[PDB]
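Alright, two takes on the same chain below, each alone as structure tokens: structure 1 and structure 2.
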Structure 1
């Protein structure tokens, strides 16, 4: 049963602001590619190396069906940066400062209504 709940407004108005007004979030607000960075492993290790510019496009497109589906693609963003971006490195370190801030506001993200 698809419906609108104040938490998707949270992640759609001001939690999305904190995603967008996020320091160290610079190379991700642009949807990631492979040819521009000359990294072919991104598309060969994972079938769909999605970034959160794409989830921005899809939430303004209202493609997402469930709040479980939304948090699942968000933790899929998590999982993508965990599986391709090598752990124990500077890159996963700035992605993990990102992860710390998202952990803080998923603590801030409440239940429905």
Structure 2
């Protein structure tokens, strides 16, 4: 079954605004969102309707760019590093769960190349 989704709006987590979080929202997230291979990575895997009951025995930390989007709009992250690690988590889940040469693995790989190209120009903290 699908688990409950990751929480949104946790008052106990500290936050601030930085140019890097703004860049990660206004440029990076929209850029990935606008991709032909983006569509599978936009919401939690819904294992009931997709009939994948073994997914969440293996995957205990679901994550997606929709969730990340809500976190950014709701100012959930403390720093750029946290988000870079979350994106890498998304990629790693795809390579762990699926097999080399599978369509979804090529799609994730395509997304990650551009992600790396983009992160190479993360601005210095103001």
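Positions refer to the first chain, counted from 1. Superpose the two forms; the largest set of C-alphas matching within 1.5 Å is the rigid core.
If you fit the rigid core between the two structures, you'll see the Cα of residue 30 move by 2 angstroms or more. Residue 76 is not among the residues whose C-alpha shifts by 2 Å or more between the two structures once the rigid core is aligned; its shift stays under 2 Å.
Once the core is aligned between the two structures, the alpha carbon position of residue 39 differs by 1.0 Å; this is the C-alpha shift at that site.
Relative to the superposed rigid core, residue 14 shifts its CA by 2.4 Å between the two structures.
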